[PDB]
Amino acid sequence: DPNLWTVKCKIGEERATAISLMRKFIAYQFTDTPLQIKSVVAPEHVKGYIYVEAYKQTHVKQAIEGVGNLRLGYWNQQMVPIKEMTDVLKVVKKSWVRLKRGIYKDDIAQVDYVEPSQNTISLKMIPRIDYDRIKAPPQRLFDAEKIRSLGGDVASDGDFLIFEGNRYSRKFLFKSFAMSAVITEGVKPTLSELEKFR
Amino acid sequence: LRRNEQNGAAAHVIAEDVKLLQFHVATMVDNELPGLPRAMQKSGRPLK
Amino acid sequence: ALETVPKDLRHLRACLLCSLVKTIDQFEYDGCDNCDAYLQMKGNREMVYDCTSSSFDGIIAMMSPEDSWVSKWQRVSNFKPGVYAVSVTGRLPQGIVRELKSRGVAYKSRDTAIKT
Amino acid sequence: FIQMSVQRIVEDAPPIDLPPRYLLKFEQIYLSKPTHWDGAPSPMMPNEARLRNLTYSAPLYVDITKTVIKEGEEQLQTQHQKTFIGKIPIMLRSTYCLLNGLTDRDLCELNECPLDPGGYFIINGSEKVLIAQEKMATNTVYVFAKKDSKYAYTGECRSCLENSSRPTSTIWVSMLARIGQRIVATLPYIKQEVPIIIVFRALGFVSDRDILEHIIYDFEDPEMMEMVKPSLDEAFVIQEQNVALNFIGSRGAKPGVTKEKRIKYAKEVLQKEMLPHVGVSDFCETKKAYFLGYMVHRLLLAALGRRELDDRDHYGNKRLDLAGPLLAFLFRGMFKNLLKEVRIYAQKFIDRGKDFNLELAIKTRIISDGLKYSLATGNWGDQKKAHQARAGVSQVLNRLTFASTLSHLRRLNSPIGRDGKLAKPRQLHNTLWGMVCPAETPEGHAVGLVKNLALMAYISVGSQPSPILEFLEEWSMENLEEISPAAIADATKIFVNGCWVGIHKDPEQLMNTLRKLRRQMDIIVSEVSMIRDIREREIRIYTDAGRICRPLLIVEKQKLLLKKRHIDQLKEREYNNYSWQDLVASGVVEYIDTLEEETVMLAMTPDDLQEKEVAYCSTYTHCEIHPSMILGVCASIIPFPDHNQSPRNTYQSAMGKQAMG
RNA sequence: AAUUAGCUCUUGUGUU
Ligand SMILES: [Zn+2]
């Protein structure tokens, strides 16, 4: 079994480093200087370094040449315990959700309609907006009359409103958000949010 | 560290985790350590 | 074999028989390097959606298929070099599994994830 | 600085190159008068800058050549003219200041006092001044005995070639006290020491007699060889060059795990780190061998007591760096940071294969903002690591009374750490006669460490020694690489800025010729100093910056060269053409520095100390202009200072800067 | 009733 080593790298850019190493090895396999790495591991949450499986640290250093992502770990590498091999390879794992990005991060969103297209789903959410008064905030009930009075980008359909950010609201935002842009498992609300929505 | 040991338990990132935690706790009460990097904020200034 | 290498990091799928990380665009235009003799992925998008799912975790860059222990651990010593997802959650359709069984292929799930 | 050092520093930067790449050469710096702006370029005046809290600075423009070279031989040498870099502040009344050559009426029309000396910067509307720092002379072998170590003697030698980004490297050749007398070397960039014989073998001198000839020049008095015997005997298992290279590389900062890496690291540190002033070229081992031989020879002479140890307080051994060298020191690092930034940007934008626009690549604030911060806060170094380097180089100009400003514009700072129990640096050395005021010094915790110039003191600005080398070579001087080592003993060595170059047989004629040339200012400029040692057959020539000197009248046999004609022509000065510079040109007065001042013999006054009386000297060479010129600015307003007790003169020099006026 | 660090300069102790 070839030894395993840790190579330091920039955090967050571990996915494409393996692809670039593949390209290097495939392009160099016909040349007189082939890459001698036996495998490369970049787990889901391991960040800042990548595991390399090769017979010697000399092979690692010779093969990882030309890759800028690992320049921090080019000169120094640490030894991966052999008893930790399996430790490398294990991974552990009308609803309510919470959005992941934007200004609406980490707030309750009630799944109103589930679209069978499996790209976006309908969510009712409390607008965190300033009603086009401050921007050239606390979760508060949407005000249709105030957003009609302040003007700007507004399309009115009685209880329906299309406003800044192409936001669709009724009576309360009702808009489509991606399934991967929300967390569909692990909300478990309390009674206060139910009133809002042993 | 708590969320790492909750699920991951990689047992090797844990070593560096506890090492850095020990360093932070030690420097919180003693910034002048023999042969250790000093604690500084985003100014280059050692802490008090 | 540079063809196994995906062209980008957008919308990757993995086999439930190979767990081979690859774009859906390459799964339709190019297809799997080891499932093409058995399931014929090249030429159908819906068949790619059924065969391969995007719910995969971690990537391993299998470089030398005959010279690595991780391949023996993941039962991919006899599969081609390339990018391999550590574990894929899901099951292939009953029809696909039965067709593989009739053709001499044992369906061994790649779902090695710890289920709490 | 502005005229020469910036151009030299910008060109001396190495080319930056990087799937094709570019060339990106920098040349021909451009600079303008200060100007602010949205707005049109309008000349910003110092008074307006002082009132609006602006910064009196001028932009810097440089010519760039971008040449991307790829497959198929299609390269484009696109040249960008007058590319903006950043703003450099200008000290008032410089050749690039708006108040240059303007008359009294011209300045008064501008709300500027014609009596204002200039000589300060305006940063953020505050008037800053750079206190001239002092430090030890570089490229000179200095032998000191310290009693707090294992070494009986230690011939330290700092070295720096010419304003290079590499920090100055120090060579320590030291003799243990304790067989006995184990001569060792403490090389830079190497953690541990090494015996000298190993180094000499490493340079490529296996032949033992060759090493002895380089180290010892006299082969009839067997004392130097007696002391070097133990050192020679210690190095007996290393005979070949490469084993010595491995030996030296075994102690490096990164010891290569293989022997080849150790050899390459050792040859690198030998040919590019140790002794850079003599040269870090492809091959300089022949001259470096001679220089180390001379260093060990001086150490042996110290051991014999034939040559007394050098003194650390003697300003013949110290250099005073003014605004010029300090600003150049800052600019080296700032330019390197700019180059790293643009290189990183270009590299990041050539991975995608797109063409990068250098106008967007260069970040202007790298040069301007750092220089502004360092001048404002006085922390002389990088902003992120300011605590590492010195502080208080820049101080707010003290406008309390005119004498206060004049005193504060001529101030020297010794960087000896305060709160020190040492008392030697604080004392008044004999060499401060006519150079530093003997009465003006702070009374606080920094007594004797901060000083002031004498009235007629001048500080050499620095000049290239190449004309000196050419003149010296084309005369009877013989170069160092082509001499029989048997001829060294009966000969006189020649040093230029410390680099032992060549040899000579008759030094008296050489010195007389050099004196005539310096008097006529044909090839040797006035600030160049030539010193001859009689006991040790040595002649040293210095042209570098930082040396402190003063004018002195010349005596030919027993009468001054100044005569009634000069005084008559000078009395009618400011009318026809005639001035002090012409007085120097006729070879009547001369600039003497403190190192040459050892070999000179002064007459305080002509009539009193040159007439015929009871014979005391009868062989004067120079005469003082006026002895009261030894005093500084603040001390020269005291009436009858030679009738008081000296501490009272010091107190007056202190309190004259606080008088209302 | 509106802040802290750092740096520099300066005052008194330089009696005999
Ligand atoms: Zn497959």
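Note that the numbers count up from 1, one per residue, in the order the chain is shown.
Quick check of the header: electron microscopy, 3.3 Å.
Cβ coordinates are placed from backbone N, Cα and C, and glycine is handled just like the others.
Quick look at what Swiss-Prot annotates:
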type	residues	note
REGION	C:1-39	region 'Interaction with SUPT5H'
MOD_RES	C:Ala1	N-acetylalanine
ZN_FING	C:15-35	zinc finger
BINDING	C:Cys15, C:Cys18, C:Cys32, C:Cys35	Zn(2+) binding site
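Recorded features from Swiss-Prot, shown on the structure.
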residue: C:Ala1; record: N-acetylalanine; DSSP (3 states): coil
residue: C:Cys15; record: Zn(2+) binding site; DSSP (3 states): coil
residue: C:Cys32; record: Zn(2+) binding site; DSSP (3 states): coil
Looking only at C-alpha atoms, tell me how far C:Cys35 (Zn(2+) binding site) is from the residue listed as 'N-acetylalanine', rounded to the nearest Å.
16
Can you grab the distance from C:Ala1 (N-acetylalanine) over to C:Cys15 (Zn(2+) binding site)? Cα atoms, rounded to a whole Å.
18
Neighbourhood of C:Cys18 (Zn(2+) binding site) by C-beta distance under 8 A, where only residues 6 or more apart in the same chain count:
C:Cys32, C:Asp33, C:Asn34, C:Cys35, C:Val76, C:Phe79, C:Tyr84
Give me the non-local Cβ neighbours of C:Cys15 (Zn(2+) binding site): same chain, 6+ apart in sequence, Cβ-Cβ under 8 Å, ordered along the sequence.
C:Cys32, C:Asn34, C:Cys35, C:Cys51, C:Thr52, C:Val88, C:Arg110
I need the most crowded of these recorded positions: C:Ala1, C:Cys32. Count other C-beta atoms within 10 angstroms of each C-beta and give me the top one.
C:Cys32
For the Zn(2+) site (C:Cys15, C:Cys18, C:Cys32, C:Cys35), what does the 8 A shell look like? I mean other same-chain residues with CB within 8 A of the CB centroid.
C:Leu17, C:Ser19, C:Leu20, C:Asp33, C:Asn34, C:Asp36, C:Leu39, C:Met41, C:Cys51, C:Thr52
Which recorded positions, if any, among C:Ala1, C:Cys15, C:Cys18 have a Cβ under 6 Å from ligand 1, given in order along the chain?
C:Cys15, C:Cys18
Specify the count of other C-beta atoms within 10 Å of the C-beta of C:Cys35 (Zn(2+) binding site).
22
